[PDB]
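Trainee: Right, I'll just put the structure down here and ask away after.
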Amino acid sequence: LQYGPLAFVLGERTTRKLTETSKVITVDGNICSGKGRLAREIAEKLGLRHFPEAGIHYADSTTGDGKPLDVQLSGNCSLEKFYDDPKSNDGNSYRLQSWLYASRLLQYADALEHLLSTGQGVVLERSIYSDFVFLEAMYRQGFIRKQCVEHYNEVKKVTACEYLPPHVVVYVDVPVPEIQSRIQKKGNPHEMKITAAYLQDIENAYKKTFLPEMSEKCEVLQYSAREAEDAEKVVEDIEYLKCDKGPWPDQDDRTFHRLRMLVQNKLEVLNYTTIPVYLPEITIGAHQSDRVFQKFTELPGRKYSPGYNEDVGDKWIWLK
Amino acid sequence: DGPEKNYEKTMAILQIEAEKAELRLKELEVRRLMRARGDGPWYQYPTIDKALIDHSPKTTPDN
Amino acid sequence: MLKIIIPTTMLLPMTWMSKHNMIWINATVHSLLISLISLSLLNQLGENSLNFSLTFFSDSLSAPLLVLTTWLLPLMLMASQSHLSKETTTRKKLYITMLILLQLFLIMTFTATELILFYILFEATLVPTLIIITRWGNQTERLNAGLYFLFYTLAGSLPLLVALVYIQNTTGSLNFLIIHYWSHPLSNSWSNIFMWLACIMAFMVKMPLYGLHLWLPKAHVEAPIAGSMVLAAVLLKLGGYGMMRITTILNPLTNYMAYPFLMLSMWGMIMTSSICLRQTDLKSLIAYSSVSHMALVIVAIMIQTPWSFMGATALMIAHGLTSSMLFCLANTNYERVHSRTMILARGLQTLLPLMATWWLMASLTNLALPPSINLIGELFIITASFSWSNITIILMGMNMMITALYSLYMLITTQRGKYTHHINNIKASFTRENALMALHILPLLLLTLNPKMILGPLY
Amino acid sequence: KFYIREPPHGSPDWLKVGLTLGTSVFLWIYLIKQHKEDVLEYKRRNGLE
Amino acid sequence: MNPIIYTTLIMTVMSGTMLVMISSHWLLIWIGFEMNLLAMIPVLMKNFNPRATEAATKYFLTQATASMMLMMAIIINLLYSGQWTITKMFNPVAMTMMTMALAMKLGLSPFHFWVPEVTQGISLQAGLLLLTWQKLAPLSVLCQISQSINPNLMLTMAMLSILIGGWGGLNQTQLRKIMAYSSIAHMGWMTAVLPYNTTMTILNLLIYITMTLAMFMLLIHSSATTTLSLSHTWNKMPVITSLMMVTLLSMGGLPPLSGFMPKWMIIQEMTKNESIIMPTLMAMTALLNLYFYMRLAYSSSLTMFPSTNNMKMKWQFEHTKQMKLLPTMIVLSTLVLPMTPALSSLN
Amino acid sequence: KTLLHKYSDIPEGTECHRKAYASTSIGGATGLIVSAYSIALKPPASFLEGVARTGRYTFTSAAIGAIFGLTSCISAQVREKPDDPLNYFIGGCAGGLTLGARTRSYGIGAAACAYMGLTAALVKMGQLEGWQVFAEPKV
Amino acid sequence: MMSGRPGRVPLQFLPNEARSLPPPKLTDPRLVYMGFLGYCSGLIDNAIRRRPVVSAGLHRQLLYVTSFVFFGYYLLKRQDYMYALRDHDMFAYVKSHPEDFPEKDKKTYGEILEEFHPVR
Amino acid sequence: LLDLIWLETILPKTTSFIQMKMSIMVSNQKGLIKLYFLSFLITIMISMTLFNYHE
Amino acid sequence: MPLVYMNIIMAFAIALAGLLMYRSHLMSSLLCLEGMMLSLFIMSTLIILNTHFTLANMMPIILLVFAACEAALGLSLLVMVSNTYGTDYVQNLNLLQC
Ligand SMILES: Nc1nc2c(ncn2[C@@H]2O[C@H](COP(=O)(O)OP(=O)(O)OP(=O)(O)O)[C@@H](O)[C@H]2O)c(=O)[nH]1
């Protein structure tokens, strides 16, 4: 049985399974600052599992086969258009930011459910608390309007407060000109078309609000590029910090029940991601919404409830 | 079918519905009478049951 | 009547599970067999109403209207898949379901025996029509249309309900047969006057009477074509039918209070007709013409003369057919032009000769060219009114005159002229619409041949 | 197959299905038994047959 | 709230209502009222927002005033009669005081401003509970003592409830407020039919209970609280809005839907009691309720509204809350009209 | 109820002064009731403007009742038609226009004519017939 | 109307006496319609859960109709008993009060002076 | 003049405007507890003997 | 219908009037509520002591029993309005108006 009120009444707690090794970490940094590398290294050094950085189709990975659905069907926005044509009236950029926010929201939801259900710790590449660095860095670059920023802040406050901050977070400090050289050597033509001011603004927004406000919520671990190169030392650092900061200690089993209830209902998590605000890049029209929803319905495995679609290979539907 | 079909069917229907009509009128009149006087099986209202009363000799003689 | 009710109800599963392509074919054909079965119901005993059961009965007034509805049901199905082609299969199936539920409610209404059951289904016709008008409407004031239509109907419907339950308490039963056979004279009490008003004003709202007729130029003009024809053709006849049923227990009072409404229609049929002349939209012109014809039917009802009743019934049937055909023609032209002002596309008689004809005898029947059932139904009412009061004739004599004017005016200004050069989307006449106007027109002349059937119970 | 995770109801619960049919047949045969008892008891009540 | 604590509080609310509906002693009925009031406040305070505190307060002090008034009536009755049995009031002042003492609990008179406030402030589930379960007890007491009501006072109460509820519902876009006003209107209907035949009151109460249950659990399953949010449900989930509009047509009472059967039967009863102006008045003024019902239906299902792109993910994820008894509730909410005479089972 | 009964005791038409006084008192009573509700739900700002509000309401209502009474009695006496429902209808437009003339509005009192006069005709018809707005439980 | 009738025992569906009445037939149109409500409830239940509303969960729909019919039978028996009781109390009160139920000295239309209104 | 002006003003629009106007004065309460309970207070003696519901 | 009853009824009437009128605070209204309860207790006690309804003397005790419970719940409500509001006044309690 999935965890509900009846399980708490029966006696299914989560403080019992949760231990010191049950940690939720995000490894954050600049663009291609080795955050995925270091996240994987702390993952299998500390024995914790790893959810990769949520993107456009991470939610596509969560449901069904996991293949990345059509871009139009899965949020009608692409990172490549962001990199190539940044400023356009279609507003693909804020659609990208909002969809990435909601995807990282569900990534954190599943991550929290994991270590609150089985007790195994979780490691991540960025999260909600590091999600705002991008949006502010873009907005400072003449990228999006302040109405999009205010919609982002209003969605953040009403869809992030019900969650609680991570256990530890690792920062991999790599200088922005080194990041420019790294993207030079990367090769993908889209990330060539980047403003170095945007990269410096990502770095600034990281170590101006993210890390400071982090330090009052959990324990921060600032590592330079060379310092984060030797992963053994960073994992032995995260082992020995104190693990005694934030709302994590003062977290009773009843608030555990609340947060498990919240994470287990995905529609609740992203219920306020679709608040009626009528933003120029957010209102899909009645006709467009009708056609796109119909297209999603004709997509296999998305017409009936998961586990009932006969077209996909289900069975026993008539006594299910 | 023949006209006798409709004739006898209308006889039965008319008789049944006329019985329904004056039964409804009798229902209205009976309800009025029983609510006005109460000397009938329904429209009775609750009253205190006598078996609750205790008749044993109390402390005060002339209770 | 369950030989017509049960198949109509079972028609719902067929469409609701038919394939993505078979819904239209299946609904059309099986509705055609339903109309064929209801064609039997034209079998009428001399004077005794056919009493199938306690709750269902029919006579020479309900049967022609029932046949009209059942024969009509394929016609909306044929007129709808043009503007309903680009829709989801489930949505199309529900549109069909709304139409079947409408027809079912109309059948139970016309075959109802108790006045309360008649009221239940009579008003219950509102809901499917409301959905059809609101959701599938294409114009702006469709949302306003639904509010206007529902509230106008209900404002009369509820006092009728109060009057009916009061009658049930007093008389004993709302059964038509009882209230007619056990009818009692009505005293000229003012409480009885208000009871008559309650029993009359609902149907007169759905008649409509002049003044409180604003729901049609704001409802029929906006509804999808299927809704428009089912409204004008039959839903208008609901008030007339109900009045014909209810005037049995509404005498001799009626005459004294017949004076205000009668002339309200008599004068009103002029203004509406005049409003028809200075119109800009085809659908509004047809709606106002429908108001005028229904006002003539109102006059026929309140005369309470045998001849008036027969002419009334004939006019209801003929007007239903003619209004449905005229609305269908207007939809064809509008869809071909995607606009409804009757000046944008003129001189299409050459381009579409069969449409030119269909419009020609549609106007002729609307103009009441003898010996069509429209003309005989009109003339019977005219003679009854003249017997009741002579001066009526000039007002009557005015009406068709003005009617004739607009009865040809749109035909002059939509096909009898020069085509507009910048438009080119007028394609060859799809034989669907031509056939549809055929199924509209041939039954009209067929009933013209034998009008003893649509002549009503007084014949 | 399609869904990476097991479905909430994908393989139907033999338990709940079993109780569903078990109660339904109970309701049906209790209904029949009750109807027979009522008809016979009504027959013997007023002494019809 | 610990789930066991919530279960105990719900059981105490239900036990207070049961104590009201099973006790003969007046003091025991008041004790049931007190237990209901005592256990109701934490249920509202479950979500713990300032709206919840505001609403729970306004709920409390009104109910406390009503219950103290109910004691004044009970004590006067005992003084003038010497009986605690719930039969009838032997002092006209006591009953013409308890009529509004039992009215603020229902929230129908000008003692109704608390209802929209508490409904909006507290959560939707506790709103369902407040608008459905918290009305059986005072209505049960009114049904027991209906034999000795001053009809003028009760009818005036019912008329004011209907009129102000229907009018106030016309000017709110929040679903909780217009449901509170709809509940006020239905209170007016049942309370109007109360003095003549309490069986029709019970029938209307049952229909309203099931139909409000269906409406509210549809709202919860749609996770909507404002008109725009509910309108947005069409893109994510259309069957909810499709059932929404049918249930709203039942709210207005349009036959052949279930909602007509009370409105119908009530009209049939009081016209038997020579009351003709009153049924016509209510029948006409129910159109104010119907107007905002159709306004809600228009911008929920009959016209699809501008959606939000992130709903592409919302369609990707299904619901988890089961919403038990909902499909049955809709069925008794729309098609029970052909089984109308079954109301004799209540009698 | 006795205050309303004052109108009942005076036969319609005759004793026009007493009937006018009784109708004025009915109007004034309704006026202070409405003004009390107004200053309760809608907050005033001070004592003197509160008196202004309640005086405006009671002035409007007392004028309405007074002119209704006067029109009714003089119309029933002049035309010798006491049972005439239209006797109250002049009280409607009198009740209408001045009410608009109390609010300095034209359409207000124009529609008030028809509305108030029609309701006055029906209430008078309540005297003519045996209508009961609050019918005691009979069946 | 009957909540105060003598001999009533509270909180029990059928008060034993009702077995003397003909039980409602299993074919009864009211009963089968209440079974139809059971089918409908299954259709919404599958539709409400994004399921193949016609074919999904045959057992769930089958349970729905069976449950409705059972409560349908008992409600119909309860419904008919009250209406029978209404007639019983009616006629018994009619017989017990002959003076309040006068009989009418029957006469034909040939002697009734029914006024005729000329329809002009 | 008649249809779109006087016929709208005579029945539908007038009633709609009346309901619109006075539903506002009904539903614009400031929500304060003090005035709500003051209105309850006034209704108390208005029902008590001002209308003489007691007798 | 004797005299002391008049004084207790009149005291309850003024306490009902005082409850139904607020000035600033929440504690004062609660005190007026418990005064209403006091008047109820005194009245009922007088009634049952006078009538020698010996089995009914428990009724004022149960009255006080639920009296204290309501007072406690009301003042906890005031605790929460103070926690979220700093003070206890009612005119500033307006967040639910819209
Ligand atoms: N607009 C936007 N883009 C984001 C956000 N988070 C991540 N991305 C994009 O997702 C990708 C993240 O890449 P990074 O992890 O920074 O770098 P990388 O090249 O993958 O290399 P590693 O950091 O070593 O994993 C880039 O395309 C980012 O622009 C966000 O919050 N907003």
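Following the order of the structure tokens, chains are lettered A, B, ..., residues in each are numbered from 1, and ligands are numbered from 1.
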With only C-alpha atoms and all ligand atoms counted, collect every polymer residue having an atom within 7 Å of ligand 1; state the result as a VMD selection string.

Mentor: chain A and resid 29 to 37 55 79 93 96 to 97 100 to 101 131 to 135

Trainee: Extract, using only C-alpha atoms, all DNA, RNA and protein residues at most 9 Å from range 1-4 of chain G, discarding same-chain residues fewer than 3 positions from it, and format them as a count of residues only.

Mentor: 18

Trainee: Going by DSSP on the backbone, which residues of range 62-273 of chain E come out as alpha helix (DSSP H)? List them as a ChimeraX atom specification.

Mentor: /E:62-81,92-101,103-106,114-121,124-132,136-144,151-168,175-193,198-222,227-231,233-236,238-252,260-272

Trainee: Give the residues of chain E that lie within 12 Å of chain D; count only C-alpha atoms, and format the answer as a ChimeraX atom specification.

Mentor: /E:318-320

Trainee: How about saving the chosen residues, N, CA and C atoms kept, as a short mmCIF file (atom, residue, chain, number, x, y, z; two decimals), in the first residue's frame?

Mentor:
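The file below, result-v6.cif, is the result:
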data_model
loop_
_atom_site.label_atom_id
_atom_site.label_comp_id
_atom_site.auth_asym_id
_atom_site.auth_seq_id
_atom_site.Cartn_x
_atom_site.Cartn_y
_atom_site.Cartn_z
N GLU E 318 -1.49 11.70 -13.55
CA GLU E 318 -2.86 11.39 -13.18
C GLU E 318 -3.12 11.79 -11.72
N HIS E 319 -4.37 11.61 -11.31
CA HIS E 319 -4.77 11.91 -9.94
C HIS E 319 -4.43 10.74 -9.02
N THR E 320 -4.36 11.03 -7.72
CA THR E 320 -4.10 10.02 -6.71
C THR E 320 -5.22 9.88 -5.69
#

Trainee: For chain A, which residues have at least one atom within 7 Å of chain G, if we go by only C-alpha atoms? Write them as a short mmCIF file (atom, residue, chain, number, x, y, z; two decimals) with C-alpha atoms, in the first residue's frame, please.

Mentor:
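Everything below was put into part23.cif:
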data_model
loop_
_atom_site.label_atom_id
_atom_site.label_comp_id
_atom_site.auth_asym_id
_atom_site.auth_seq_id
_atom_site.Cartn_x
_atom_site.Cartn_y
_atom_site.Cartn_z
CA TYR A 304 -6.19 6.30 -20.19
CA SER A 305 -4.89 5.90 -16.66
CA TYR A 308 -5.06 0.65 -18.54
CA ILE A 317 -8.50 -4.38 -18.48
CA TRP A 318 -11.97 -5.91 -18.31
CA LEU A 319 -11.40 -7.16 -14.74
CA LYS A 320 -8.87 -4.49 -13.77
#

Trainee: From range 65-279 of chain A, collect each residue whose DSSP state is strand (DSSP E or B) and return the set as a ChimeraX atom specification.

Mentor: /A:122-124,168-173,219-224

Trainee: The selected residues should be written to file as a compact mmCIF listing (two decimals), in the first residue's frame (atoms: N, CA and C atoms).

Mentor:
# COMPACT_ATOMS: atom_id res chain seq x y z
N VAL A 122 19.92 10.84 -1.47
CA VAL A 122 19.73 11.28 -2.85
C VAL A 122 20.70 12.40 -3.16
N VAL A 123 21.25 12.39 -4.38
CA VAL A 123 22.10 13.47 -4.86
C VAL A 123 21.52 13.98 -6.17
N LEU A 124 21.73 15.27 -6.43
CA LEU A 124 21.08 16.00 -7.51
C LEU A 124 22.06 16.97 -8.15
N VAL A 168 22.94 18.71 2.56
CA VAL A 168 24.18 19.41 2.25
C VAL A 168 24.11 19.79 0.78
N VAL A 169 24.84 20.84 0.40
CA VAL A 169 24.97 21.23 -1.00
C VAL A 169 26.42 21.58 -1.28
N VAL A 170 26.94 21.06 -2.38
CA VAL A 170 28.33 21.26 -2.79
C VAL A 170 28.36 22.25 -3.93
N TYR A 171 29.23 23.25 -3.82
CA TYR A 171 29.49 24.21 -4.88
C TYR A 171 30.86 23.93 -5.48
N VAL A 172 30.92 23.83 -6.80
CA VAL A 172 32.17 23.66 -7.54
C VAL A 172 32.50 25.02 -8.15
N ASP A 173 33.48 25.70 -7.57
CA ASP A 173 33.82 27.07 -7.97
C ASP A 173 34.78 27.02 -9.15
N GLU A 219 24.21 23.53 5.25
CA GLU A 219 25.66 23.70 5.26
C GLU A 219 26.16 23.76 3.83
N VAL A 220 26.94 24.79 3.52
CA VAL A 220 27.48 24.99 2.18
C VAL A 220 28.94 24.55 2.16
N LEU A 221 29.37 24.02 1.02
CA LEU A 221 30.73 23.51 0.83
C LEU A 221 31.28 24.08 -0.48
N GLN A 222 31.95 25.23 -0.39
CA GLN A 222 32.51 25.88 -1.57
C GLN A 222 33.84 25.21 -1.91
N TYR A 223 33.91 24.60 -3.09
CA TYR A 223 35.11 23.95 -3.58
C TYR A 223 35.55 24.61 -4.88
N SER A 224 36.84 24.92 -4.99
CA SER A 224 37.38 25.37 -6.26
C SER A 224 37.41 24.20 -7.25

Trainee: Which residue, E:101, E:214, E:294, E:149, has the smallest gap to chain F when you use only C-alpha atoms?

Mentor: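 Distance minimum relative to chain F lands on E:149.
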
Trainee: Tell me the residues of chain D close to chain A, meaning within 8 Å using only C-alpha atoms, as a VMD selection string.

Mentor: chain D and resid 1 to 5 7 to 13 17

Trainee: May I have the selected residues written with N, CA, C and O atoms, as a PDB file, in the first residue's frame?

Mentor:
ATOM      1  N   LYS D   1       7.904  -3.292 -20.607  1.00  0.00           N
ATOM      2  CA  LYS D   1       6.837  -2.867 -21.504  1.00  0.00           C
ATOM      3  C   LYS D   1       6.894  -1.353 -21.695  1.00  0.00           C
ATOM      4  O   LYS D   1       7.968  -0.791 -21.908  1.00  0.00           O
ATOM      5  N   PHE D   2       5.738  -0.690 -21.618  1.00  0.00           N
ATOM      6  CA  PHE D   2       5.711   0.760 -21.773  1.00  0.00           C
ATOM      7  C   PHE D   2       6.143   1.446 -20.482  1.00  0.00           C
ATOM      8  O   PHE D   2       7.189   2.098 -20.436  1.00  0.00           O
ATOM      9  N   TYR D   3       5.368   1.285 -19.415  1.00  0.00           N
ATOM     10  CA  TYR D   3       5.654   2.003 -18.181  1.00  0.00           C
ATOM     11  C   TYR D   3       6.913   1.447 -17.528  1.00  0.00           C
ATOM     12  O   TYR D   3       7.037   0.234 -17.326  1.00  0.00           O
ATOM     13  N   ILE D   4       7.856   2.337 -17.209  1.00  0.00           N
ATOM     14  CA  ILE D   4       9.093   1.907 -16.562  1.00  0.00           C
ATOM     15  C   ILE D   4       8.790   1.322 -15.189  1.00  0.00           C
ATOM     16  O   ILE D   4       9.337   0.283 -14.802  1.00  0.00           O
ATOM     17  N   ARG D   5       7.914   1.976 -14.437  1.00  0.00           N
ATOM     18  CA  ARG D   5       7.488   1.461 -13.150  1.00  0.00           C
ATOM     19  C   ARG D   5       6.261   0.572 -13.306  1.00  0.00           C
ATOM     20  O   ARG D   5       5.524   0.645 -14.293  1.00  0.00           O
ATOM     21  N   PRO D   7       2.519  -0.465 -12.747  1.00  0.00           N
ATOM     22  CA  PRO D   7       1.370   0.436 -12.741  1.00  0.00           C
ATOM     23  C   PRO D   7       0.581   0.323 -11.451  1.00  0.00           C
ATOM     24  O   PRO D   7       0.641  -0.707 -10.763  1.00  0.00           O
ATOM     25  N   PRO D   8      -0.160   1.369 -11.077  1.00  0.00           N
ATOM     26  CA  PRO D   8      -0.949   1.296  -9.837  1.00  0.00           C
ATOM     27  C   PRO D   8      -1.952   0.158  -9.835  1.00  0.00           C
ATOM     28  O   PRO D   8      -2.172  -0.461  -8.786  1.00  0.00           O
ATOM     29  N   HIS D   9      -2.560  -0.145 -10.983  1.00  0.00           N
ATOM     30  CA  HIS D   9      -3.528  -1.228 -11.095  1.00  0.00           C
ATOM     31  C   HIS D   9      -3.210  -2.167 -12.253  1.00  0.00           C
ATOM     32  O   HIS D   9      -4.037  -3.019 -12.590  1.00  0.00           O
ATOM     33  N   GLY D  10      -2.026  -2.037 -12.855  1.00  0.00           N
ATOM     34  CA  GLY D  10      -1.664  -2.767 -14.058  1.00  0.00           C
ATOM     35  C   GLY D  10      -2.002  -4.241 -14.021  1.00  0.00           C
ATOM     36  O   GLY D  10      -2.871  -4.698 -14.767  1.00  0.00           O
ATOM     37  N   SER D  11      -1.334  -4.991 -13.166  1.00  0.00           N
ATOM     38  CA  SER D  11      -1.832  -6.321 -12.857  1.00  0.00           C
ATOM     39  C   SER D  11      -2.964  -6.189 -11.847  1.00  0.00           C
ATOM     40  O   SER D  11      -2.735  -5.712 -10.731  1.00  0.00           O
ATOM     41  N   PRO D  12      -4.186  -6.581 -12.195  1.00  0.00           N
ATOM     42  CA  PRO D  12      -5.308  -6.361 -11.280  1.00  0.00           C
ATOM     43  C   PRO D  12      -5.134  -7.156  -9.998  1.00  0.00           C
ATOM     44  O   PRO D  12      -4.482  -8.201  -9.959  1.00  0.00           O
ATOM     45  N   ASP D  13      -5.677  -6.606  -8.918  1.00  0.00           N
ATOM     46  CA  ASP D  13      -5.577  -7.233  -7.607  1.00  0.00           C
ATOM     47  C   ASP D  13      -6.569  -8.388  -7.566  1.00  0.00           C
ATOM     48  O   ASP D  13      -7.785  -8.168  -7.546  1.00  0.00           O
ATOM     49  N   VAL D  17     -10.805  -8.056  -6.647  1.00  0.00           N
ATOM     50  CA  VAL D  17     -11.685  -8.636  -7.656  1.00  0.00           C
ATOM     51  C   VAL D  17     -12.464  -9.806  -7.063  1.00  0.00           C
ATOM     52  O   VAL D  17     -13.689  -9.912  -7.226  1.00  0.00           O
TER      53      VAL D  17
END
